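Next come structure tokens for two forms of one protein chain, structure 1 first, structure 2 second.
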Structure 1
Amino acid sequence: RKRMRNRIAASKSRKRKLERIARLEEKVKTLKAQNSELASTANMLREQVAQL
């Protein structure tokens, strides 16, 4: 049933937009975290080098 096969395609296409927005949120969280840790590491090493 073609009308039924397209129905699922659209059902999946919509569900896909959801998962994507979600994956990007979980991604934004982690990046802000890693950047924080990385900002520290950059500062630790920054001090050390200055005192060598």
Structure 2
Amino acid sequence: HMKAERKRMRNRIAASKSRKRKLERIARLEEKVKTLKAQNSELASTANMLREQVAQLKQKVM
């Protein structure tokens, strides 16, 4: 098995990698929220589009 000092080096490395991956996770989650919100905004504007569509078509029919 690894000697004490070498074990400390490997664990220092593991700690830094695990802390780094925690930052990456936050960044991934934040970016998901962002694009979900913008997707959301585009669908909302679409429904608004299709709603002014149907009101117009209803006027043509009658």
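Here, rigid core means the biggest group of C-alpha atoms that superpose within 1.5 Å across both forms. Residues that one form lacks are left out of the comparison. Residues are numbered by position in structure 1's sequence, first residue being 1.
Novice: Taking the rigid core as reference, which of 31, 9, 38, 21 is displaced at the C-alpha by at least 2 Å between structure 1 and structure 2?
Specialist: Between the two forms, the residue that moves is 38.
Novice: Rigid core superposed: how many angstrom does the CA of residue 47 shift between structure 1 and structure 2?
Specialist: With the cores aligned, its C-alpha sits 7.5 Å away.
Novice: I need the moving stretches between structure 1 and structure 2: superpose on the rigid core, then report runs of 3+ consecutive residues where each CA shifts by 2 Å or more, in sequence order.
Specialist: Core-superposed, just one run shifting 2 Å or more comes out: 35 to 52.
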